[PDB]
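Colleague: Okay, here's the structure, questions in a sec.
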Amino acid sequence: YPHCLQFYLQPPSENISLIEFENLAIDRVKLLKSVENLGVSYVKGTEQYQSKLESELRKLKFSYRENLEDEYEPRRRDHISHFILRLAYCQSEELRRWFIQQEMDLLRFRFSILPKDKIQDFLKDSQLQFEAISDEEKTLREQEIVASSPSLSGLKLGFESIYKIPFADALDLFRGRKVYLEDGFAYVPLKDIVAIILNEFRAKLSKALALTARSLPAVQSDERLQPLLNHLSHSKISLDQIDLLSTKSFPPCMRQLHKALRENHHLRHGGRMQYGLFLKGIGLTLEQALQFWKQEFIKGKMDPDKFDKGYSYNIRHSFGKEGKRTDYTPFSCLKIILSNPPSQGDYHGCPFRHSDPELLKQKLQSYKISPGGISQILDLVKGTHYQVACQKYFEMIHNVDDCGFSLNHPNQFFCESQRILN
Amino acid sequence: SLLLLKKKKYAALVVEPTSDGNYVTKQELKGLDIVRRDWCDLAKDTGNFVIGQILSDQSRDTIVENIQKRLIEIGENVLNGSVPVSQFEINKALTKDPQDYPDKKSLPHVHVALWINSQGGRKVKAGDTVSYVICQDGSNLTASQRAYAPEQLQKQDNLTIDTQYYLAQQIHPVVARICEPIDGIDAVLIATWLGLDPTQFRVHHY
Amino acid sequence: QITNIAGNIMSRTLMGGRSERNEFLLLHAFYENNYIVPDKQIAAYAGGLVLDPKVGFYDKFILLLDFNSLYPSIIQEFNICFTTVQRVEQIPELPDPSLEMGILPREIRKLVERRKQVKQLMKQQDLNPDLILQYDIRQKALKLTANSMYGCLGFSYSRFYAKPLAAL
DNA sequence: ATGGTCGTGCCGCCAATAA
Ligand SMILES: Nc1ncnc2c1ncn2[C@H]1C[C@H](O)[C@@H](COP(=O)(O)OP(=O)(O)OP(=O)(O)O)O1
Ligand code: SF4
Ligand SMILES: [Mg+2]
Ligand SMILES: [Mg+2]
């Protein structure tokens with residue numbers, strides 16, 4: 001009922017539309033990502049931090065200060081959002097800690113904004129069994145508490161209330177002889193109760209995350225939820241334009257390989273070698289090549305250790321930095337046509353040869369190729385004239401009558417394309 | 001009933017007659033990972049339980065549920081720490097003298113052998129066996145370079161048992177190789193049951 | 001018992017090793033029949049065949065048929081011996097069946113017969129549980145002694161090295 | 001100081017030839 005901060009238990013039972021299902025997940029992801037920026041760029045006590053975080057919480061329709069009754073909608077929004085996001089960030093151990101840290105930070109912020117006097121009811125509304133002490137009891141034990149106080153300076157027992165807790169729940173405190181124990185009950189200042197509340201929330205959150213992961217295969221059976229569970233961590237020459245080149249200058253084979261890497265977040269050995277050598281051919285160095293491959297493989301939900309000890313050696317050797325130290329030339333188009341035929345699960349090879357016309361037709365169609373050009377390319381392919389067909393593809397996508405060169409190497413394709421484009 | 005895995009690898013029940021047409025059954029193994037000395041006792045016991053369940057006369061439905069329950073219990077108990085230290089030992093025999101190994105860095109058992117020679121008493125020579133356990137050191141080296149002696153764990157303080165290694169490289173491979181010919185069980189299912197991350201083993205396509 | 005079978009010194013028996021026992025056994029066998037032995041010194045051939053299995057689970061009954069003392073039986077059957085088989089990676093041809101038995105099969109027959117004698121005692125009813133294990137160890141040791149005679153034929157440092165015999 | 005056949009876990013190494 002205090003919908004402005006809530007220990008997340010009792011999963012909901014309402015039903016919602018799928019559009020709202022995706023909107024809640026994306027909004028929660030956005031807010032939780034911005035919590036990272038606010039916690040990194042600033043410090044935990046400035047007024048600007050509070051102002052920015054509360055303004056963003058207002059922007060995305062999320063619950064804040066309890067003084068205005070019926071904000072039932074933000075309560076429902078947050079309640080559904082946490083549980084929907086529990087399914088995604090429970091897979092990899094690099095994401096569970098990221099979820100827990102920022103959710104604890106958000107709960108700390110929400111706790112710091114409770115005015116002064118609605119805290120007591122909340123403690124009973126979260127199954128915590130805590131208590132307060134009256135003024136006469138505070139005066140009775142004033143000297144005892146201030147003597148039992150931590151390195152906190154001064155004897156002045158301020159207006160901050162003192163809370164009464166079972167001793168077993170204050171393990172982190174009485175171990176260091178920093179609180180007062182009487183009749184099996186610990187007395188704590190209001191400052192230190194935040195630590196125990198967050199520490200007790202963390203264990204329950206981790207237990208809930210673990211118990212959801214092992215019963216999550218049953219939920220993957222639904223075909224409508226696959227994009228959500230796998231794309232919440234999805235998304236001279238530099239790194240930040242290669243995608244554009246995929247549409248503009250790459251030949252169909254290497255464009256297909258780039259699309260495969262973008263979508264599946266993995267590639268087989270033949271595609272790896274071919275694309276890596278071409279990508280060296282365009283001009284990349286070792287550092288950004290390693291950056292590119294590791295960035296494309298981490299999105300496959302694998303930690304950097306596996307990539308570093310598995311693929312880094314081959315990637316480095318491709319450029320000639322280990323072994324005989326031999327630098328290699330990108331594959332000639334003839335070997336792409338004739339060597340290492342593709343199989344199931346593989347995307348390498350020449351599309352104009354290995355792909356059947358019943359697939360090559362829509363492969364041309366998806367690339368905005370004119371139907372007359374499509375028919376001409378199909379006729380050329382049927383005649384086993386592949387290079388001239390690839391040249392015709394280049395002319396059609398470049399809007400020129402004749403290219404002016406003989407093509408035998410995809411790097412030549414890229415260089416000729418960039419000669420006129422740039 | 002016979003489970004044949006590969007060449008020189010099969011488990012079976014042998015029929016022993018007693019009298020008047022009555023016969024008992026005795027479990028026998030040939031070539032499995034449970035009969036070798038280079039695997040921890042934990043993985044061998046789990047594999048023995050799985051073999052005993054598969055070769056039983058029960059319906060094929062009940063055995064999968066029993067395996068799931070037992071694997072969940074193992075996954076909880078390993079992280080809980082209720083299993084004694086002595087069941088985390090791996091025993092390997094030495095062929096040449098420990099000082100003669102050129103690849104001493106990359107082999108765990110010889111690494112333990114040089115230590116036990118260099119500080120201890122009785123010197124281990126060719127033909128002797130060495131027991132080693134993989135523990136957490138915190139220096140961010142590979143698993144094969146983090147071998148420690150059985151007595152090196154109960155004496156020092158900074159070391160603790162590496163549950164990830166024994167749960168993803170000791171238990172999982174044995175039960176994955178055993179249940180290959182049977183249907184309904186796969187590597188990803190065992191990974192989820194044990195509480196591991198499925199992303200490493202097979203997955204991939206979204 | 002092993003030292004009384006091979007004829008070597010008893011102290012060498014307790015140190016293990018299977019080449020020395022075979023060396024002395026063949027030395028006694030050849031010296032008894034008025035021969036001259038070679039002087040002391042101052043994978044390599046095709047092995048067994050394993051069939052392609054059919055991986056999986058079987059609920060029905062399965063028979064398993066096994067040969068008794070395969071390689072010694074082959075040696076006794078085809079009269080495989082140093083004297084009877086010509087030699088110089090090539091498989092020699094089988095010898096003529098009219099010629100009498102050689103030195104090797106007569107000596108391996110005794111080991112086979114001793115193992116068969118031990119198994120008959122093992123067959124007896126109402127035996128002490130420790131006695132049955134002792135007899136099992138005895139028959140295993142005799143089986144290894146019988147099967148090491150074939151292995152010594154392919155040891156490059158043996159006094160009686162002969163690759164073609166093992167190949168055959 | 002017996003022979004051979006089979007599988008499982010760690011490492012390093014290689015292909016390439018337009019312009
Ligand atoms: N340790 C060994 N050394 C050399 N050859 C061996 C050894 N073990 C087995 N062999 C060879 C020779 C044997 O004739 C053959 C088959 O052995 P195996 O099946 O164990 O027994 P076996 O056929 O000699 O009879 P048995 O069943 O009576 O023990 O393999
Ligand atoms: S002809 Fe050569 S460059 Fe063109 S798509 Fe085929 S492999 Fe690529
Ligand atoms: Mg690989
Ligand atoms: Mg046999």
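Going by the structure tokens order, chains are called A, B, ..., each with residues numbered from 1, while ligands are numbered from 1 in the order shown.
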Can I get the residues close to ligand 2 as a PDB file with N, CA and C atoms, in the first residue's frame, where close means within 12 Å and we count only C-alpha atoms (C1' of nucleotides) and all ligand atoms?
Modeller:
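Done, and the output landed in pocket_6.pdb:
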ATOM      1  N   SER A 249      28.938  -0.526 -49.627  1.00  0.00           N
ATOM      2  CA  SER A 249      30.105  -0.902 -50.416  1.00  0.00           C
ATOM      3  C   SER A 249      30.427  -2.389 -50.412  1.00  0.00           C
ATOM      4  N   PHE A 250      30.016  -3.133 -49.390  1.00  0.00           N
ATOM      5  CA  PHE A 250      30.382  -4.537 -49.301  1.00  0.00           C
ATOM      6  C   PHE A 250      29.742  -5.334 -50.436  1.00  0.00           C
ATOM      7  N   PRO A 251      30.403  -6.390 -50.899  1.00  0.00           N
ATOM      8  CA  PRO A 251      29.758  -7.325 -51.825  1.00  0.00           C
ATOM      9  C   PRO A 251      28.717  -8.159 -51.100  1.00  0.00           C
ATOM     10  N   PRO A 252      27.832  -8.843 -51.833  1.00  0.00           N
ATOM     11  CA  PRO A 252      26.765  -9.606 -51.158  1.00  0.00           C
ATOM     12  C   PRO A 252      27.269 -10.656 -50.181  1.00  0.00           C
ATOM     13  N   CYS A 253      28.390 -11.316 -50.477  1.00  0.00           N
ATOM     14  CA  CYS A 253      28.915 -12.334 -49.568  1.00  0.00           C
ATOM     15  C   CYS A 253      29.309 -11.733 -48.222  1.00  0.00           C
ATOM     16  N   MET A 254      30.123 -10.680 -48.247  1.00  0.00           N
ATOM     17  CA  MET A 254      30.588 -10.093 -46.999  1.00  0.00           C
ATOM     18  C   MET A 254      29.466  -9.356 -46.281  1.00  0.00           C
ATOM     19  N   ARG A 255      28.521  -8.786 -47.032  1.00  0.00           N
ATOM     20  CA  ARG A 255      27.334  -8.206 -46.415  1.00  0.00           C
ATOM     21  C   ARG A 255      26.520  -9.268 -45.691  1.00  0.00           C
ATOM     22  N   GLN A 256      26.382 -10.447 -46.301  1.00  0.00           N
ATOM     23  CA  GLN A 256      25.696 -11.551 -45.640  1.00  0.00           C
ATOM     24  C   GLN A 256      26.413 -11.950 -44.359  1.00  0.00           C
ATOM     25  N   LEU A 257      27.745 -12.012 -44.406  1.00  0.00           N
ATOM     26  CA  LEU A 257      28.502 -12.360 -43.204  1.00  0.00           C
ATOM     27  C   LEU A 257      28.318 -11.315 -42.107  1.00  0.00           C
ATOM     28  N   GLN A 274      37.227 -15.640 -43.353  1.00  0.00           N
ATOM     29  CA  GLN A 274      36.971 -14.837 -44.545  1.00  0.00           C
ATOM     30  C   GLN A 274      36.707 -13.380 -44.182  1.00  0.00           C
ATOM     31  N   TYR A 275      35.771 -13.150 -43.257  1.00  0.00           N
ATOM     32  CA  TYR A 275      35.420 -11.788 -42.879  1.00  0.00           C
ATOM     33  C   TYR A 275      36.586 -11.084 -42.204  1.00  0.00           C
ATOM     34  N   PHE A 278      39.115 -10.049 -44.905  1.00  0.00           N
ATOM     35  CA  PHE A 278      38.618  -8.919 -45.687  1.00  0.00           C
ATOM     36  C   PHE A 278      38.690  -7.637 -44.856  1.00  0.00           C
ATOM     37  N   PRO A 330      43.817 -11.118 -48.337  1.00  0.00           N
ATOM     38  CA  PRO A 330      42.423 -11.571 -48.275  1.00  0.00           C
ATOM     39  C   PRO A 330      42.106 -12.560 -49.386  1.00  0.00           C
ATOM     40  N   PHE A 331      41.176 -13.467 -49.088  1.00  0.00           N
ATOM     41  CA  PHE A 331      40.841 -14.551 -50.006  1.00  0.00           C
ATOM     42  C   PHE A 331      40.483 -14.019 -51.389  1.00  0.00           C
ATOM     43  N   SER A 332      41.051 -14.647 -52.413  1.00  0.00           N
ATOM     44  CA  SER A 332      40.655 -14.358 -53.780  1.00  0.00           C
ATOM     45  C   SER A 332      39.277 -14.948 -54.055  1.00  0.00           C
ATOM     46  N   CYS A 333      38.552 -14.308 -54.975  1.00  0.00           N
ATOM     47  CA  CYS A 333      37.163 -14.686 -55.213  1.00  0.00           C
ATOM     48  C   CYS A 333      37.049 -16.113 -55.741  1.00  0.00           C
ATOM     49  N   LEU A 334      38.075 -16.593 -56.446  1.00  0.00           N
ATOM     50  CA  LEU A 334      38.044 -17.951 -56.980  1.00  0.00           C
ATOM     51  C   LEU A 334      37.977 -18.985 -55.863  1.00  0.00           C
ATOM     52  N   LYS A 335      38.784 -18.806 -54.814  1.00  0.00           N
ATOM     53  CA  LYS A 335      38.749 -19.747 -53.699  1.00  0.00           C
ATOM     54  C   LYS A 335      37.451 -19.638 -52.912  1.00  0.00           C
ATOM     55  N   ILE A 336      36.866 -18.441 -52.840  1.00  0.00           N
ATOM     56  CA  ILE A 336      35.547 -18.307 -52.228  1.00  0.00           C
ATOM     57  C   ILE A 336      34.520 -19.105 -53.016  1.00  0.00           C
ATOM     58  N   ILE A 337      34.631 -19.088 -54.345  1.00  0.00           N
ATOM     59  CA  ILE A 337      33.684 -19.821 -55.177  1.00  0.00           C
ATOM     60  C   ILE A 337      33.891 -21.327 -55.043  1.00  0.00           C
ATOM     61  N   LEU A 338      35.146 -21.780 -55.036  1.00  0.00           N
ATOM     62  CA  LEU A 338      35.441 -23.195 -55.229  1.00  0.00           C
ATOM     63  C   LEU A 338      35.833 -23.943 -53.961  1.00  0.00           C
ATOM     64  N   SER A 339      36.358 -23.264 -52.945  1.00  0.00           N
ATOM     65  CA  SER A 339      36.930 -23.938 -51.788  1.00  0.00           C
ATOM     66  C   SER A 339      35.996 -23.852 -50.589  1.00  0.00           C
ATOM     67  N   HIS A 348      29.026 -18.724 -44.800  1.00  0.00           N
ATOM     68  CA  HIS A 348      30.082 -18.290 -45.702  1.00  0.00           C
ATOM     69  C   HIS A 348      29.820 -18.817 -47.112  1.00  0.00           C
ATOM     70  N   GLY A 349      30.697 -18.453 -48.039  1.00  0.00           N
ATOM     71  CA  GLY A 349      30.572 -18.856 -49.424  1.00  0.00           C
ATOM     72  C   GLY A 349      30.015 -17.746 -50.299  1.00  0.00           C
ATOM     73  N   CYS A 350      29.957 -18.037 -51.598  1.00  0.00           N
ATOM     74  CA  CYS A 350      29.472 -17.071 -52.574  1.00  0.00           C
ATOM     75  C   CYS A 350      27.967 -17.217 -52.745  1.00  0.00           C
ATOM     76  N   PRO A 351      27.173 -16.189 -52.437  1.00  0.00           N
ATOM     77  CA  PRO A 351      25.718 -16.302 -52.627  1.00  0.00           C
ATOM     78  C   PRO A 351      25.315 -16.574 -54.064  1.00  0.00           C
ATOM     79  N   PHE A 352      26.052 -16.040 -55.038  1.00  0.00           N
ATOM     80  CA  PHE A 352      25.691 -16.228 -56.437  1.00  0.00           C
ATOM     81  C   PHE A 352      25.882 -17.662 -56.914  1.00  0.00           C
ATOM     82  N   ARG A 353      26.581 -18.499 -56.151  1.00  0.00           N
ATOM     83  CA  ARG A 353      26.820 -19.883 -56.541  1.00  0.00           C
ATOM     84  C   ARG A 353      26.189 -20.881 -55.584  1.00  0.00           C
ATOM     85  N   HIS A 354      26.450 -20.755 -54.282  1.00  0.00           N
ATOM     86  CA  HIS A 354      25.982 -21.756 -53.329  1.00  0.00           C
ATOM     87  C   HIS A 354      24.492 -21.634 -53.036  1.00  0.00           C
ATOM     88  N   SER A 355      23.930 -20.434 -53.140  1.00  0.00           N
ATOM     89  CA  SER A 355      22.520 -20.219 -52.848  1.00  0.00           C
ATOM     90  C   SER A 355      21.677 -20.579 -54.064  1.00  0.00           C
ATOM     91  N   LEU A 360      18.057 -17.070 -53.894  1.00  0.00           N
ATOM     92  CA  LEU A 360      18.786 -15.936 -54.448  1.00  0.00           C
ATOM     93  C   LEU A 360      17.833 -14.859 -54.952  1.00  0.00           C
ATOM     94  N   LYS A 363      16.958 -12.914 -52.022  1.00  0.00           N
ATOM     95  CA  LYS A 363      18.186 -12.248 -51.594  1.00  0.00           C
ATOM     96  C   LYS A 363      18.420 -10.968 -52.390  1.00  0.00           C
ATOM     97  N   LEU A 364      18.214 -11.022 -53.709  1.00  0.00           N
ATOM     98  CA  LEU A 364      18.260  -9.802 -54.515  1.00  0.00           C
ATOM     99  C   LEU A 364      17.109  -8.860 -54.174  1.00  0.00           C
ATOM    100  N   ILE A 377      20.614 -11.086 -63.725  1.00  0.00           N
ATOM    101  CA  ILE A 377      21.537 -11.753 -62.813  1.00  0.00           C
ATOM    102  C   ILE A 377      21.231 -13.243 -62.736  1.00  0.00           C
ATOM    103  N   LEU A 380      22.563 -14.835 -65.871  1.00  0.00           N
ATOM    104  CA  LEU A 380      24.018 -14.955 -65.803  1.00  0.00           C
ATOM    105  C   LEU A 380      24.438 -16.086 -64.870  1.00  0.00           C
ATOM    106  N   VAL A 381      23.758 -16.222 -63.729  1.00  0.00           N
ATOM    107  CA  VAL A 381      24.072 -17.293 -62.787  1.00  0.00           C
ATOM    108  C   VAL A 381      23.804 -18.653 -63.419  1.00  0.00           C
ATOM    109  N   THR A 384      26.646 -19.864 -65.390  1.00  0.00           N
ATOM    110  CA  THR A 384      27.891 -20.045 -64.641  1.00  0.00           C
ATOM    111  C   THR A 384      28.860 -18.881 -64.828  1.00  0.00           C
ATOM    112  N   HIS A 385      28.343 -17.688 -65.119  1.00  0.00           N
ATOM    113  CA  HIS A 385      29.162 -16.481 -65.227  1.00  0.00           C
ATOM    114  C   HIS A 385      28.932 -15.647 -63.968  1.00  0.00           C
ATOM    115  N   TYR A 386      29.762 -15.904 -62.956  1.00  0.00           N
ATOM    116  CA  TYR A 386      29.542 -15.322 -61.636  1.00  0.00           C
ATOM    117  C   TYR A 386      30.139 -13.923 -61.524  1.00  0.00           C
ATOM    118  N   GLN A 387      31.380 -13.749 -61.983  1.00  0.00           N
ATOM    119  CA  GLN A 387      32.068 -12.475 -61.799  1.00  0.00           C
ATOM    120  C   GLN A 387      31.366 -11.345 -62.540  1.00  0.00           C
ATOM    121  N   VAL A 388      30.906 -11.600 -63.767  1.00  0.00           N
ATOM    122  CA  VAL A 388      30.189 -10.563 -64.499  1.00  0.00           C
ATOM    123  C   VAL A 388      28.856 -10.255 -63.826  1.00  0.00           C
ATOM    124  N   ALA A 389      28.216 -11.255 -63.217  1.00  0.00           N
ATOM    125  CA  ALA A 389      26.986 -10.997 -62.473  1.00  0.00           C
ATOM    126  C   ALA A 389      27.248 -10.112 -61.261  1.00  0.00           C
ATOM    127  N   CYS A 390      28.347 -10.366 -60.547  1.00  0.00           N
ATOM    128  CA  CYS A 390      28.700  -9.524 -59.408  1.00  0.00           C
ATOM    129  C   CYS A 390      29.029  -8.107 -59.868  1.00  0.00           C
ATOM    130  N   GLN A 391      29.684  -7.987 -61.025  1.00  0.00           N
ATOM    131  CA  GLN A 391      29.941  -6.676 -61.614  1.00  0.00           C
ATOM    132  C   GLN A 391      28.642  -5.954 -61.953  1.00  0.00           C
ATOM    133  N   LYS A 392      27.673  -6.678 -62.517  1.00  0.00           N
ATOM    134  CA  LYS A 392      26.376  -6.089 -62.830  1.00  0.00           C
ATOM    135  C   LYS A 392      25.665  -5.633 -61.564  1.00  0.00           C
ATOM    136  N   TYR A 393      25.763  -6.429 -60.497  1.00  0.00           N
ATOM    137  CA  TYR A 393      25.245  -6.016 -59.196  1.00  0.00           C
ATOM    138  C   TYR A 393      25.886  -4.709 -58.746  1.00  0.00           C
ATOM    139  N   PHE A 394      27.209  -4.604 -58.897  1.00  0.00           N
ATOM    140  CA  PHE A 394      27.901  -3.374 -58.521  1.00  0.00           C
ATOM    141  C   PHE A 394      27.397  -2.187 -59.332  1.00  0.00           C
ATOM    142  N   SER A 406      37.893  -5.062 -64.071  1.00  0.00           N
ATOM    143  CA  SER A 406      37.638  -6.494 -64.005  1.00  0.00           C
ATOM    144  C   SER A 406      37.779  -6.940 -62.555  1.00  0.00           C
ATOM    145  N   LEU A 407      36.742  -7.588 -62.030  1.00  0.00           N
ATOM    146  CA  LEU A 407      36.684  -7.935 -60.617  1.00  0.00           C
ATOM    147  C   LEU A 407      37.173  -9.360 -60.391  1.00  0.00           C
ATOM    148  N   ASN A 408      38.125  -9.513 -59.465  1.00  0.00           N
ATOM    149  CA  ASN A 408      38.584 -10.831 -59.051  1.00  0.00           C
ATOM    150  C   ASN A 408      38.844 -10.912 -57.550  1.00  0.00           C
ATOM    151  N   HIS A 409      38.541  -9.862 -56.790  1.00  0.00           N
ATOM    152  CA  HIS A 409      38.880  -9.802 -55.374  1.00  0.00           C
ATOM    153  C   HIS A 409      37.927  -8.844 -54.665  1.00  0.00           C
ATOM    154  N   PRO A 410      37.268  -9.275 -53.585  1.00  0.00           N
ATOM    155  CA  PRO A 410      36.346  -8.366 -52.883  1.00  0.00           C
ATOM    156  C   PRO A 410      36.999  -7.092 -52.377  1.00  0.00           C
ATOM    157  N   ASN A 411      38.284  -7.133 -52.023  1.00  0.00           N
ATOM    158  CA  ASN A 411      38.966  -5.903 -51.640  1.00  0.00           C
ATOM    159  C   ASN A 411      39.048  -4.934 -52.809  1.00  0.00           C
ATOM    160  N   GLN A 412      39.243  -5.449 -54.025  1.00  0.00           N
ATOM    161  CA  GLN A 412      39.171  -4.604 -55.212  1.00  0.00           C
ATOM    162  C   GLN A 412      37.779  -4.002 -55.368  1.00  0.00           C
ATOM    163  N   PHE A 413      36.740  -4.802 -55.116  1.00  0.00           N
ATOM    164  CA  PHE A 413      35.373  -4.289 -55.116  1.00  0.00           C
ATOM    165  C   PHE A 413      35.239  -3.100 -54.172  1.00  0.00           C
ATOM    166  N   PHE A 414      35.687  -3.266 -52.926  1.00  0.00           N
ATOM    167  CA  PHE A 414      35.535  -2.204 -51.938  1.00  0.00           C
ATOM    168  C   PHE A 414      36.342  -0.969 -52.316  1.00  0.00           C
TER     169      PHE A 414
END
Colleague: Residues contacting ligand 1 - anything with an atom at most 6 Å away, using only C-alpha atoms (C1' of nucleotides) and all ligand atoms - can you give me those as a list in words?
Modeller: residues 67, 68, 69, 70, 71, 144, 147, 148 and 151 of chain C; 3 of chain D
Colleague: So that I can see what lies close to segment 37-46 of chain B, please list as a list in words the residues with an atom at most 7 Å from it, counting only C-alpha atoms (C1' of nucleotides) and leaving out residues fewer than 6 positions away in the same chain.
Modeller: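 Final neighbour list, sorted by chain and number: residues 87, 88, 89, 90, 91, 92, 170, 171 and 174 of chain B.
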Colleague: Dump N, CA, C and O atoms for the selected residues as a PDB file, in the first residue's frame?
Modeller:
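Final output, part_8.pdb:
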ATOM      1  N   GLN B  87      36.600 -35.540  -0.807  1.00  0.00           N
ATOM      2  CA  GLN B  87      35.939 -35.941  -2.040  1.00  0.00           C
ATOM      3  C   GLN B  87      36.240 -35.007  -3.205  1.00  0.00           C
ATOM      4  O   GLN B  87      35.676 -35.188  -4.287  1.00  0.00           O
ATOM      5  N   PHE B  88      37.107 -34.014  -3.011  1.00  0.00           N
ATOM      6  CA  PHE B  88      37.507 -33.100  -4.071  1.00  0.00           C
ATOM      7  C   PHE B  88      38.888 -33.420  -4.627  1.00  0.00           C
ATOM      8  O   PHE B  88      39.450 -32.607  -5.367  1.00  0.00           O
ATOM      9  N   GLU B  89      39.440 -34.580  -4.293  1.00  0.00           N
ATOM     10  CA  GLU B  89      40.810 -34.912  -4.655  1.00  0.00           C
ATOM     11  C   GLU B  89      40.866 -35.564  -6.029  1.00  0.00           C
ATOM     12  O   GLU B  89      39.996 -36.360  -6.392  1.00  0.00           O
ATOM     13  N   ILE B  90      41.897 -35.219  -6.797  1.00  0.00           N
ATOM     14  CA  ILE B  90      42.178 -35.858  -8.076  1.00  0.00           C
ATOM     15  C   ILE B  90      43.557 -36.499  -7.988  1.00  0.00           C
ATOM     16  O   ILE B  90      44.530 -35.837  -7.611  1.00  0.00           O
ATOM     17  N   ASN B  91      43.639 -37.779  -8.337  1.00  0.00           N
ATOM     18  CA  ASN B  91      44.865 -38.555  -8.217  1.00  0.00           C
ATOM     19  C   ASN B  91      45.449 -38.814  -9.599  1.00  0.00           C
ATOM     20  O   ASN B  91      44.737 -39.273 -10.499  1.00  0.00           O
ATOM     21  N   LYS B  92      46.737 -38.521  -9.765  1.00  0.00           N
ATOM     22  CA  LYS B  92      47.425 -38.774 -11.023  1.00  0.00           C
ATOM     23  C   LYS B  92      48.804 -39.359 -10.755  1.00  0.00           C
ATOM     24  O   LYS B  92      49.478 -38.990  -9.792  1.00  0.00           O
ATOM     25  N   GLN B 170      33.984 -31.113 -13.874  1.00  0.00           N
ATOM     26  CA  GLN B 170      34.131 -32.429 -13.267  1.00  0.00           C
ATOM     27  C   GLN B 170      32.835 -33.224 -13.271  1.00  0.00           C
ATOM     28  O   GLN B 170      32.818 -34.377 -13.710  1.00  0.00           O
ATOM     29  N   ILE B 171      31.744 -32.635 -12.794  1.00  0.00           N
ATOM     30  CA  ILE B 171      30.460 -33.326 -12.741  1.00  0.00           C
ATOM     31  C   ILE B 171      29.768 -33.321 -14.096  1.00  0.00           C
ATOM     32  O   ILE B 171      29.306 -34.361 -14.572  1.00  0.00           O
ATOM     33  N   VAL B 174      30.876 -35.828 -17.127  1.00  0.00           N
ATOM     34  CA  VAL B 174      30.588 -37.243 -16.910  1.00  0.00           C
ATOM     35  C   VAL B 174      29.116 -37.540 -17.163  1.00  0.00           C
ATOM     36  O   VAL B 174      28.773 -38.465 -17.911  1.00  0.00           O
TER      37      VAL B 174
END
Colleague: Could you give me, as a compact mmCIF listing (two decimals) with N, CA and C atoms, in the first residue's frame, the residues within 10 Å of residue 177 of chain B, counting only C-alpha atoms (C1' of nucleotides) and dropping anything in the same chain fewer than 2 positions from it?
Modeller:
# COMPACT_ATOMS: atom_id res chain seq x y z
N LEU B 5 28.24 -46.96 -24.88
CA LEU B 5 28.51 -45.55 -25.17
C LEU B 5 29.39 -45.38 -26.41
N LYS B 6 30.58 -45.97 -26.38
CA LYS B 6 31.54 -45.88 -27.48
C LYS B 6 32.32 -47.19 -27.52
N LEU B 32 34.18 -46.82 -18.45
CA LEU B 32 33.54 -45.55 -18.16
C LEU B 32 34.49 -44.63 -17.39
N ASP B 33 34.06 -43.38 -17.21
CA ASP B 33 34.85 -42.42 -16.45
C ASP B 33 34.80 -42.70 -14.95
N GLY B 47 27.86 -40.18 -11.30
CA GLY B 47 27.75 -41.04 -12.46
C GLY B 47 27.27 -42.43 -12.12
N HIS B 172 29.68 -32.15 -14.73
CA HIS B 172 28.90 -32.02 -15.96
C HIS B 172 29.40 -32.90 -17.09
N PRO B 173 30.70 -32.97 -17.41
CA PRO B 173 31.12 -33.83 -18.53
C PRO B 173 30.76 -35.29 -18.34
N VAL B 174 30.88 -35.83 -17.13
CA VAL B 174 30.59 -37.24 -16.91
C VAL B 174 29.12 -37.54 -17.16
N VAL B 175 28.22 -36.76 -16.56
CA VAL B 175 26.79 -36.98 -16.74
C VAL B 175 26.34 -36.62 -18.15
N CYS B 179 24.62 -39.76 -20.43
CA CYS B 179 23.25 -39.65 -20.90
C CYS B 179 23.15 -39.27 -22.37
N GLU B 180 24.24 -39.40 -23.14
CA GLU B 180 24.17 -39.12 -24.57
C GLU B 180 23.23 -40.06 -25.31
N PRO B 181 23.29 -41.39 -25.13
CA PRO B 181 22.40 -42.27 -25.91
C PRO B 181 20.94 -42.21 -25.50
N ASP B 186 19.76 -33.31 -22.09
CA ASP B 186 20.72 -32.63 -22.94
C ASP B 186 21.66 -31.83 -22.06
N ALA B 187 22.75 -31.34 -22.66
CA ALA B 187 23.76 -30.61 -21.89
C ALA B 187 23.18 -29.34 -21.27
Colleague: So which residues touch segment 4-19 of chain D within 6 Å, counting only C-alpha atoms (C1' of nucleotides), skipping near sequence neighbours fewer than 6 positions away, as a PyMOL selection string?
Modeller: (chain A and resi 328-329) or (chain C and resi 47)
Colleague: Write the residues of the selection above to a file with N, CA and C atoms, as a PDB file, in the first residue's frame.
Modeller:
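The result, written out as out_34.pdb:
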ATOM      1  N   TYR A 328      48.886 -12.088 -44.231  1.00  0.00           N
ATOM      2  CA  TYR A 328      48.145 -12.774 -45.278  1.00  0.00           C
ATOM      3  C   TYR A 328      47.322 -11.788 -46.097  1.00  0.00           C
ATOM      4  N   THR A 329      47.077 -12.155 -47.350  1.00  0.00           N
ATOM      5  CA  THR A 329      46.248 -11.489 -48.347  1.00  0.00           C
ATOM      6  C   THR A 329      44.812 -12.002 -48.253  1.00  0.00           C
TER       7      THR A 329
ATOM      8  N   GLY C  47      47.744 -54.907 -35.020  1.00  0.00           N
ATOM      9  CA  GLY C  47      47.289 -55.549 -33.805  1.00  0.00           C
ATOM     10  C   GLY C  47      45.909 -56.157 -33.922  1.00  0.00           C
TER      11      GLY C  47
END
